[PDB]
């Protein structure tokens, strides 16, 4: 509820998403890792929190909305009322970060995950605090619309190992990828 965790899947050419969906073909095993990672809280009773941009919200299949067992906060400057399924709606990453720290919430939130938006990722990283990046490395080049900020290895450190995460190369539908975890604390 204090450290922030970004979770993204990026291609070799640091690309994410392409025209509404992801540039690469659907990787079912990568969704499982995404599901398990953002869904598993470390405490019984308390749930995980996921924050995402509005385009990301409507990208999730309607029947998989809201992401189950997780508190879903949608960010939007245009919407004035939370979209069906949305627990909370926030005007900005601060409105959201200050809401999450309210006594009323903190009592029921364990981990907070930023899961969607090149813009949200960017503003999440552009600010002090214990921050962690869970990156799924798609070992292949794809053409992408939107992208992901470069990782200053002078600011973040690669965790040799992290609990609950496996580090061996994975492969599905002929596409290779591996899980990585970076950390920053300032």
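Positions refer to the first chain, counted from 1.
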Stretch with the higher entry mean CA B-factor, where the candidates are 28-36 and 149-157
149-157
5-13 versus 159-167 - which carries the larger mean C-alpha B factor in the record:
159-167
Between 118, 56, 127, 47, let me know which has the highest C-alpha B-factor in the entry?
127
Select lowest, middle or highest to describe the third in which the CA B-factor of residue 183 falls within its chain in this entry.
middle
Ranked C-alpha temperature factor of residue 102 among modelled chain residues, by third
middle
Cα B factor band for residue 42 (lowest, middle or highest third within the chain):
middle
